[PDB]
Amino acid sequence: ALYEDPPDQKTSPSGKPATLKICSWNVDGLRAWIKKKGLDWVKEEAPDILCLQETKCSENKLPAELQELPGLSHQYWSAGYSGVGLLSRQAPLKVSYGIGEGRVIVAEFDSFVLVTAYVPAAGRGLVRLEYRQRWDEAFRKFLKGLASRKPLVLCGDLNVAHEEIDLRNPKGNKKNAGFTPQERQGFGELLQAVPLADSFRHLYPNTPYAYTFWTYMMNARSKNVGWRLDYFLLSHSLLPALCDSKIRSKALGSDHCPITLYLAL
């Protein structure tokens, strides 16, 4: 079945208007994503904060169009395997890289700490599943020592469909990367240990067919055969500020679609 994303809710349950728009997008090759007009979609989206994953591009190789973004001038970049980026209208107080460089950017703002993550894939044949489980454990601990200080927002490709609702084909993908019990359990452990909450599922717990990733192969996107691998996870103190978590199914330029968070801060 096809998915139509509900309209943007820009008011919090407590009555507070949205003041912060965060966009997250695994661009699957920043240079290719730009040739596919992905920046033009970002300009239409007008995010205060843009988090990019799978850049596969060093900073010295970034197209000059990224430095021609007047509303996203504060740019933080890591480094054809991974690569993450954080672009912000306002300068964050503190920026760090890693979980204690290429998969994690931590940006501290006045009322919140933003973490963007390109979580390592378990691999075809699950060759890197054990490293992912150790990675998952290292990230969870690192995030626990960040949430204690200030509210946390975590965005990006977590390389996991938490539940059967997060993918079109749960039964045949239970031994595939993204739907292993090991990865699903790691996500549940991040939600309970930090603690954090799945923004989209908190808002839409019974909504199926909502995916953020489709294989370029076998025309998967045109058939909505996909997976929800991209998330906005929020500390429970920030749930009162949650106005919406959106899935931008129509934006192209990658096998991953953009996700957008509206916060009332």
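Throughout, we count residues from 1 along the sequence that is shown.
Counting the unmodelled positions of the deposited sequence between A79 and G80 gives a gap of 4 to 9 residues. Where coordinates are absent for parts of the deposited sequence, a chain break appears; between neighbours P181 and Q182 there is no such break.
The stretch 142-150 shows the higher mean C-alpha B-factor when 142-150 is compared against 101-109 in the entry. Relative to its counterpart among 61-69 and 228-236, 61-69 has the higher mean temperature factor, C-alpha atoms as listed in the PDB entry.
Of the residues listed, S222, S199, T212, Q53, the entry assigns the biggest Cα temperature factor to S222.
In the PDB entry, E45 places in the lowest third of its chain by CA B-factor. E130: CA B factor lies in the highest third for its chain, per the PDB record.
Sort the modelled residues of the chain by CA B factor and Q192 lands in the highest third. The entry lists a Cα temperature factor for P205 that places it in the middle third of the chain's modelled residues.
When all modelled residues of the chain are sorted by CA temperature factor, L242 is found within the highest third.
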